[PDB]
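> So here's query_38.csv (CSV, C-alpha atoms and all ligand atoms).
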```
chain,number,residue,atom,x,y,z
A,1,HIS,CA,70.3,36.0,-67.1
A,2,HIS,CA,69.7,33.9,-63.9
A,3,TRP,CA,70.1,30.9,-61.7
A,4,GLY,CA,70.1,27.4,-63.1
A,5,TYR,CA,72.1,24.2,-62.9
A,6,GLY,CA,74.9,25.0,-65.3
A,7,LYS,CA,78.7,25.6,-64.6
A,8,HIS,CA,78.2,29.3,-64.5
A,9,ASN,CA,74.9,29.6,-62.8
A,10,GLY,CA,74.5,26.5,-60.7
A,11,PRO,CA,74.1,25.8,-57.0
A,12,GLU,CA,77.6,27.0,-56.0
A,13,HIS,CA,76.7,30.4,-57.5
A,14,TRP,CA,73.3,30.9,-55.9
A,15,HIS,CA,74.5,32.5,-52.7
A,16,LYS,CA,75.5,35.7,-54.7
A,17,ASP,CA,71.8,36.5,-55.4
A,18,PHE,CA,70.4,34.5,-52.5
A,19,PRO,CA,72.7,34.9,-49.5
A,20,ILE,CA,70.4,32.6,-47.4
A,21,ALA,CA,72.0,29.8,-49.5
A,22,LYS,CA,74.6,29.7,-46.8
A,23,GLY,CA,72.1,29.8,-44.0
A,24,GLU,CA,71.4,27.7,-41.0
A,25,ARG,CA,68.6,25.5,-42.2
A,26,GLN,CA,69.3,24.8,-45.9
A,27,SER,CA,68.1,21.8,-47.9
A,28,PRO,CA,68.6,19.2,-49.0
A,29,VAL,CA,70.9,17.3,-46.6
A,30,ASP,CA,72.4,13.9,-46.2
A,31,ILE,CA,70.3,11.7,-44.0
A,32,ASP,CA,72.6,9.7,-41.8
A,33,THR,CA,70.4,6.8,-40.9
A,34,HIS,CA,72.5,5.8,-37.9
A,35,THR,CA,72.4,9.3,-36.4
A,36,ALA,CA,68.7,10.0,-37.0
A,37,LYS,CA,66.9,9.5,-33.7
A,38,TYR,CA,63.6,7.6,-33.4
A,39,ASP,CA,61.0,9.9,-32.0
A,40,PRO,CA,58.2,7.8,-30.5
A,41,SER,CA,56.2,11.1,-30.1
A,42,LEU,CA,55.9,11.5,-33.9
A,43,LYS,CA,52.4,10.6,-35.2
A,44,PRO,CA,51.6,8.7,-38.2
A,45,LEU,CA,51.6,10.9,-41.3
A,46,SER,CA,48.1,11.7,-42.7
A,47,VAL,CA,48.0,12.0,-46.4
A,48,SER,CA,44.5,12.7,-47.7
A,49,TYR,CA,44.6,12.9,-51.5
A,50,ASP,CA,41.1,11.5,-52.3
A,51,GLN,CA,39.7,14.8,-53.4
A,52,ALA,CA,42.9,16.1,-55.1
A,53,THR,CA,42.2,18.3,-58.2
A,54,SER,CA,45.1,18.6,-60.5
A,55,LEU,CA,44.8,21.3,-63.1
A,56,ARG,CA,47.8,21.8,-65.2
A,57,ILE,CA,51.4,20.7,-65.9
A,58,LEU,CA,54.1,23.4,-66.5
A,59,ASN,CA,57.7,23.4,-67.6
A,60,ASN,CA,59.1,26.3,-65.7
A,61,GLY,CA,62.7,26.1,-66.9
A,62,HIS,CA,64.0,24.2,-63.9
A,63,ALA,CA,61.6,21.3,-63.6
A,64,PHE,CA,58.0,20.5,-64.4
A,65,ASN,CA,55.2,21.2,-61.9
A,66,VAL,CA,51.9,19.4,-61.7
A,67,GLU,CA,49.6,22.0,-60.2
A,68,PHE,CA,46.6,21.5,-58.1
A,69,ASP,CA,43.6,23.5,-57.1
A,70,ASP,CA,44.4,24.7,-53.6
A,71,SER,CA,41.5,27.1,-53.1
A,72,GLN,CA,39.9,24.6,-50.8
A,73,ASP,CA,40.7,21.8,-48.4
A,74,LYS,CA,40.9,18.9,-50.9
A,75,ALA,CA,44.4,17.3,-50.9
A,76,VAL,CA,46.0,17.8,-47.4
A,77,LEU,CA,48.9,16.6,-45.4
A,78,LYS,CA,48.5,16.5,-41.6
A,79,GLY,CA,50.0,14.6,-38.6
A,80,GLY,CA,53.5,13.4,-38.4
A,81,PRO,CA,55.7,16.3,-37.1
A,82,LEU,CA,53.1,18.8,-38.3
A,83,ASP,CA,50.8,21.0,-36.4
A,84,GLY,CA,47.8,22.0,-38.4
A,85,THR,CA,46.8,21.4,-42.0
A,86,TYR,CA,48.9,21.7,-45.1
A,87,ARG,CA,47.4,22.0,-48.6
A,88,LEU,CA,48.9,20.4,-51.7
A,89,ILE,CA,49.8,23.1,-54.3
A,90,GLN,CA,52.1,21.2,-56.7
A,91,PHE,CA,54.5,18.4,-57.1
A,92,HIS,CA,57.7,18.2,-59.2
A,93,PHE,CA,60.8,16.1,-59.5
A,94,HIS,CA,64.6,16.4,-59.6
A,95,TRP,CA,66.5,13.9,-61.6
A,96,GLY,CA,69.9,13.2,-63.1
A,97,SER,CA,71.6,12.6,-66.4
A,98,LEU,CA,72.4,9.1,-65.2
A,99,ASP,CA,70.6,6.7,-62.9
A,100,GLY,CA,73.4,7.1,-60.3
A,101,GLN,CA,72.4,10.6,-59.4
A,102,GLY,CA,69.4,12.9,-59.4
A,103,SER,CA,68.1,13.0,-55.8
A,104,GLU,CA,68.6,16.0,-53.6
A,105,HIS,CA,68.5,14.3,-50.3
A,106,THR,CA,70.8,11.4,-49.9
A,107,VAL,CA,70.7,8.5,-47.5
A,108,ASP,CA,74.0,7.6,-46.0
A,109,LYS,CA,75.5,9.5,-49.0
A,110,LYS,CA,73.5,7.3,-51.4
A,111,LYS,CA,72.0,9.2,-54.4
A,112,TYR,CA,68.8,8.0,-55.9
A,113,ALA,CA,67.9,8.4,-59.6
A,114,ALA,CA,65.3,11.1,-58.8
A,115,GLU,CA,63.3,12.7,-56.1
A,116,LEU,CA,59.6,13.7,-56.0
A,117,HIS,CA,58.6,16.7,-54.0
A,118,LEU,CA,54.9,17.2,-53.0
A,119,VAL,CA,54.7,20.8,-51.9
A,120,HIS,CA,52.1,21.8,-49.3
A,121,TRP,CA,51.4,25.1,-47.5
A,122,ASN,CA,50.1,25.8,-44.0
A,123,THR,CA,46.5,26.8,-44.2
A,124,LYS,CA,46.9,29.1,-41.3
A,125,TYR,CA,48.8,31.5,-43.5
A,126,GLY,CA,46.1,31.8,-46.1
A,127,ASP,CA,48.2,31.4,-49.2
A,128,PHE,CA,51.5,30.1,-50.6
A,129,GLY,CA,53.1,33.5,-50.9
A,130,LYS,CA,52.6,34.3,-47.3
A,131,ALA,CA,53.4,30.8,-46.1
A,132,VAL,CA,56.9,30.8,-47.6
A,133,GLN,CA,57.7,33.8,-45.3
A,134,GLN,CA,57.0,31.7,-42.2
A,135,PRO,CA,59.3,29.1,-40.5
A,136,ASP,CA,56.5,26.5,-40.6
A,137,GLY,CA,54.9,27.7,-43.8
A,138,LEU,CA,55.5,24.6,-45.9
A,139,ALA,CA,55.6,20.9,-45.6
A,140,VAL,CA,57.3,19.0,-48.4
A,141,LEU,CA,56.9,15.3,-48.8
A,142,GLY,CA,60.0,13.9,-50.5
A,143,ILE,CA,60.0,10.5,-52.1
A,144,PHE,CA,63.0,8.8,-53.7
A,145,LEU,CA,62.9,7.2,-57.1
A,146,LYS,CA,65.0,4.2,-58.1
A,147,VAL,CA,65.1,2.6,-61.5
A,148,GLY,CA,63.6,-0.8,-61.9
A,149,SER,CA,59.9,-1.7,-62.4
A,150,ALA,CA,57.7,0.9,-63.9
A,151,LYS,CA,55.4,3.0,-61.7
A,152,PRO,CA,51.9,2.7,-63.4
A,153,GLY,CA,50.7,5.8,-61.7
A,154,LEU,CA,53.5,7.9,-63.2
A,155,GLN,CA,52.8,7.1,-66.8
A,156,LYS,CA,50.2,9.7,-67.3
A,157,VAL,CA,52.8,12.3,-66.3
A,158,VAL,CA,55.4,10.9,-68.6
A,159,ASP,CA,53.2,10.8,-71.7
A,160,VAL,CA,52.3,14.5,-71.4
A,161,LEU,CA,56.0,15.7,-71.3
A,162,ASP,CA,56.3,15.8,-75.0
A,163,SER,CA,53.7,18.6,-75.0
A,164,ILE,CA,55.7,20.8,-72.5
A,165,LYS,CA,59.2,20.1,-73.8
A,166,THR,CA,60.4,23.7,-73.4
A,167,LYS,CA,60.4,26.4,-70.8
A,168,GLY,CA,57.1,28.2,-70.5
A,169,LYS,CA,55.0,25.5,-72.0
A,170,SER,CA,51.9,24.2,-70.1
A,171,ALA,CA,49.2,21.7,-70.7
A,172,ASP,CA,45.9,20.8,-69.2
A,173,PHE,CA,46.5,18.0,-66.7
A,174,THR,CA,43.2,17.2,-64.9
A,175,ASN,CA,42.1,14.2,-62.9
A,176,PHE,CA,45.6,13.1,-62.0
A,177,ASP,CA,45.7,11.1,-58.8
A,178,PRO,CA,48.9,11.7,-56.8
A,179,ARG,CA,48.2,8.6,-54.6
A,180,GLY,CA,49.6,6.6,-57.5
A,181,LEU,CA,53.0,8.0,-56.7
A,182,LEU,CA,53.2,6.9,-53.1
A,183,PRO,CA,55.2,3.9,-51.8
A,184,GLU,CA,53.6,1.4,-49.6
A,185,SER,CA,55.1,2.5,-46.3
A,186,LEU,CA,54.8,6.0,-44.9
A,187,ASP,CA,57.8,5.6,-42.5
A,188,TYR,CA,59.8,8.9,-42.7
A,189,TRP,CA,62.6,11.1,-41.5
A,190,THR,CA,61.9,14.7,-40.7
A,191,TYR,CA,63.9,17.9,-40.1
A,192,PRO,CA,63.5,21.7,-40.5
A,193,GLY,CA,64.8,23.0,-43.8
A,194,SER,CA,64.4,25.2,-46.9
A,195,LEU,CA,63.2,25.3,-50.5
A,196,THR,CA,65.9,23.7,-52.6
A,197,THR,CA,65.6,26.3,-55.4
A,198,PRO,CA,65.9,30.1,-55.2
A,199,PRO,CA,64.7,32.0,-53.2
A,200,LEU,CA,65.8,29.1,-50.9
A,201,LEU,CA,63.5,30.3,-48.1
A,202,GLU,CA,63.8,28.5,-44.7
A,203,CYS,CA,60.2,27.7,-44.5
A,204,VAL,CA,60.0,24.0,-44.9
A,205,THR,CA,59.3,21.1,-42.7
A,206,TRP,CA,60.8,18.2,-44.6
A,207,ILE,CA,59.2,14.8,-44.4
A,208,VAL,CA,61.3,12.3,-46.4
A,209,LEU,CA,59.9,8.8,-46.9
A,210,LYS,CA,62.2,5.9,-46.2
A,211,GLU,CA,60.8,3.7,-48.9
A,212,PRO,CA,61.5,4.6,-52.5
A,213,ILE,CA,59.2,4.1,-55.4
A,214,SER,CA,60.4,2.2,-58.5
A,215,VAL,CA,60.1,3.7,-62.0
A,216,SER,CA,61.3,2.2,-65.2
A,217,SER,CA,64.3,3.3,-67.2
A,218,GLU,CA,62.0,4.2,-70.0
A,219,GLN,CA,60.0,6.5,-67.7
A,220,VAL,CA,63.1,8.4,-66.5
A,221,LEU,CA,64.5,8.6,-70.0
A,222,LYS,CA,61.5,10.6,-70.9
A,223,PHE,CA,62.2,13.1,-68.1
A,224,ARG,CA,65.6,13.5,-69.6
A,225,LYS,CA,64.1,14.6,-73.0
A,226,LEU,CA,62.7,17.8,-71.5
A,227,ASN,CA,64.5,21.1,-72.1
A,228,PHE,CA,65.7,23.9,-69.8
A,229,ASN,CA,65.6,26.2,-72.7
A,230,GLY,CA,62.6,27.8,-74.3
A,231,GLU,CA,61.3,27.0,-77.8
A,232,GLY,CA,63.5,28.3,-80.5
A,233,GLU,CA,66.6,28.6,-78.2
A,234,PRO,CA,69.7,26.1,-78.2
A,235,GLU,CA,68.7,22.7,-76.8
A,236,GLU,CA,69.9,22.2,-73.3
A,237,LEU,CA,68.5,18.9,-71.9
A,238,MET,CA,66.8,19.2,-68.5
A,239,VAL,CA,68.9,16.9,-66.5
A,240,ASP,CA,70.8,17.1,-63.2
A,241,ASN,CA,68.4,19.8,-61.8
A,242,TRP,CA,69.2,18.8,-58.3
A,243,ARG,CA,70.9,20.8,-55.5
A,244,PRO,CA,73.6,18.8,-53.6
A,245,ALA,CA,73.5,18.2,-49.9
A,246,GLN,CA,74.0,21.2,-47.6
A,247,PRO,CA,75.5,21.4,-44.1
A,248,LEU,CA,73.2,20.0,-41.4
A,249,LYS,CA,74.5,22.6,-38.9
A,250,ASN,CA,72.5,22.8,-35.8
A,251,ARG,CA,69.8,20.3,-36.7
A,252,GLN,CA,68.6,16.9,-35.7
A,253,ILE,CA,66.9,14.5,-38.1
A,254,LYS,CA,64.1,12.5,-36.5
A,255,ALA,CA,62.8,9.1,-37.6
A,256,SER,CA,59.2,8.0,-37.3
A,257,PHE,CA,60.3,4.3,-37.2
A,258,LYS,CA,62.6,2.1,-35.1
B,1,ZN,ZN,62.0,20.2,-55.3
```
What is this structure when it is put down as structure tokens?
Ligand SMILES: [Zn+2]

Amino acid sequence: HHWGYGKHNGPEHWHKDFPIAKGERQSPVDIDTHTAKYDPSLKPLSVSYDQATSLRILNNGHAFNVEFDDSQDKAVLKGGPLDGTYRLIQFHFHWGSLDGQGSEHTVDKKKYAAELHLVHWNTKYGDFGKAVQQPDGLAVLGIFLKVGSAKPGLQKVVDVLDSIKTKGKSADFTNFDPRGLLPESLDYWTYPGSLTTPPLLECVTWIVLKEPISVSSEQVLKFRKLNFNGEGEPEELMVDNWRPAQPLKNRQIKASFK
């Protein structure tokens, strides 16, 4: 038995096992665009994915992760509000049962159909496990998804989902280029936060892009065919695997644009 996104084990229950759920820098949050302050000291983000090496795609019971080889400096995130170099380890999404919900972060209370999270860890800490124990251990690039035109670069991901329908299933997923999932503009909002799933560690520098990417209804429909359950257990569609906005508390959201 364990945490999930159901009535009995969902986000409002997480604090019992993970008391930090009620902490001082929890994610996600609502981004109030009018209250976010432009910070002209913020540098342009540096997204260097040319040598990215995807390996595998996994249904872990809460979402699906596209994993990358992070044993060398190959896909890295630098600049922006970041000091140092962060290595891409995996990306995953959060989505809803309906196009009107699914994103974790919200913009002026607006919920997008889904949200992509490209997770990177700070190379100064040697590995992901050690990085999550540090306040500046991770950098997660969040990108909103809206339903409209299809995202060509996402199709390869969607077509493999049938092979990892249930919890615990994985499939080879090599040569996937995450650059095909990035919007045109890299304008962003940034604030100190946490993982949005248990253990909910407060180790993340969040970088959320202003510009959403568009995906087709057919593409998101396929996300909704995945299962939270394992093979041979009652089908529970993997939908609404998003944590709602948490109190901003003593934090300021900064914008890289005016
Ligand atoms: Zn996430």
> If you count all atoms listed in the file, which residues fall within 12 Å of residue 249 (chain A), apart from same-chain ones fewer than 6 positions away, as JSON, numbers by chain?
{"A": [22, 23, 24, 25, 26, 27, 29, 30, 191, 192, 193]}
> Find the residues around region 220-232 of chain A up to 8 Å (all atoms listed in the file counted), leave out those fewer than 5 positions away in its own chain, and share them as a PDB file with C-alpha atoms, in the frame of the given file.

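Contents of the output file selection06.pdb:
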```pdb
ATOM      1  CA  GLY A  61      62.700  26.100 -66.900  1.00  0.00           C
ATOM      2  CA  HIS A  62      64.000  24.200 -63.900  1.00  0.00           C
ATOM      3  CA  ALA A  63      61.600  21.300 -63.600  1.00  0.00           C
ATOM      4  CA  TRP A  95      66.500  13.900 -61.600  1.00  0.00           C
ATOM      5  CA  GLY A  96      69.900  13.200 -63.100  1.00  0.00           C
ATOM      6  CA  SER A  97      71.600  12.600 -66.400  1.00  0.00           C
ATOM      7  CA  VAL A 147      65.100   2.600 -61.500  1.00  0.00           C
ATOM      8  CA  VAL A 158      55.400  10.900 -68.600  1.00  0.00           C
ATOM      9  CA  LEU A 161      56.000  15.700 -71.300  1.00  0.00           C
ATOM     10  CA  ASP A 162      56.300  15.800 -75.000  1.00  0.00           C
ATOM     11  CA  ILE A 164      55.700  20.800 -72.500  1.00  0.00           C
ATOM     12  CA  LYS A 165      59.200  20.100 -73.800  1.00  0.00           C
ATOM     13  CA  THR A 166      60.400  23.700 -73.400  1.00  0.00           C
ATOM     14  CA  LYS A 167      60.400  26.400 -70.800  1.00  0.00           C
ATOM     15  CA  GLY A 168      57.100  28.200 -70.500  1.00  0.00           C
ATOM     16  CA  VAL A 215      60.100   3.700 -62.000  1.00  0.00           C
ATOM     17  CA  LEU A 237      68.500  18.900 -71.900  1.00  0.00           C
ATOM     18  CA  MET A 238      66.800  19.200 -68.500  1.00  0.00           C
ATOM     19  CA  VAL A 239      68.900  16.900 -66.500  1.00  0.00           C
TER      20      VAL A 239
END
```
> Rounded to one decimal in Å, what is the spacing between CA of residue 82 (chain A) and CA of residue 189 (chain A)?
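It comes out at 12.6 Å.
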> So which one's closest to ligand ZN 1 (chain B), A:93, A:121, A:5, A:86? Using only C-alpha atoms and all ligand atoms, please.
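Ranking A:93, A:121, A:5, A:86 by distance to ligand ZN 1 (chain B), first place goes to A:93.
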> Output as a Markdown table one row per residue of chain A within 9 Å of ligand ZN 1 (chain B): the closest atom pair and its distance in Å to one decimal place, counting all atoms listed in the file, sorted by chain and residue number ascending.

```
| residue | atom | partner | partner_atom | distance |
| --- | --- | --- | --- | --- |
| A:63 | CA | B:ZN1 | ZN | 8.4 |
| A:91 | CA | B:ZN1 | ZN | 7.9 |
| A:92 | CA | B:ZN1 | ZN | 6.1 |
| A:93 | CA | B:ZN1 | ZN | 6.0 |
| A:94 | CA | B:ZN1 | ZN | 6.3 |
| A:104 | CA | B:ZN1 | ZN | 8.0 |
| A:115 | CA | B:ZN1 | ZN | 7.7 |
| A:116 | CA | B:ZN1 | ZN | 7.0 |
| A:117 | CA | B:ZN1 | ZN | 5.0 |
| A:118 | CA | B:ZN1 | ZN | 8.0 |
| A:119 | CA | B:ZN1 | ZN | 8.1 |
| A:140 | CA | B:ZN1 | ZN | 8.4 |
| A:142 | CA | B:ZN1 | ZN | 8.2 |
| A:195 | CA | B:ZN1 | ZN | 7.1 |
| A:196 | CA | B:ZN1 | ZN | 5.9 |
| A:197 | CA | B:ZN1 | ZN | 7.1 |
| A:242 | CA | B:ZN1 | ZN | 7.9 |
| A:243 | CA | B:ZN1 | ZN | 8.9 |
```
> Take CA of residue 211 (chain A) and CA of residue 188 (chain A) and report the distance between them in Å, one decimal.
8.2 Å
> So how far away is CA of residue 219 (chain A) from CA of residue 9 (chain A), in Å?
27.9 Å
> List as a tab-separated table (two decimals) with C-alpha atoms, in the coordinates of the input the protein and nucleic acid residues near residue 160 (chain A), meaning an atom at most 9 Å away when all atoms listed in the file are counted, but skip any in the same chain fewer than 3 places from it.

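Saved the output as part.tsv:
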```tsv
chain	number	residue	atom	x	y	z
A	57	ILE	CA	51.40	20.70	-65.90
A	155	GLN	CA	52.80	7.10	-66.80
A	156	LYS	CA	50.20	9.70	-67.30
A	157	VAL	CA	52.80	12.30	-66.30
A	163	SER	CA	53.70	18.60	-75.00
A	164	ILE	CA	55.70	20.80	-72.50
A	171	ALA	CA	49.20	21.70	-70.70
A	173	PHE	CA	46.50	18.00	-66.70
```
> Find the residue from A:44, A:79, A:28, A:74 that sits nearest to residue 11 (chain A); use only C-alpha atoms when measuring.
A:28
> Taking only C-alpha atoms into account, name the residue in A:194, A:187, A:78, A:135 that is nearest to residue 248 (chain A).
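With only C-alpha atoms as the atom set, the closest residue is A:194.
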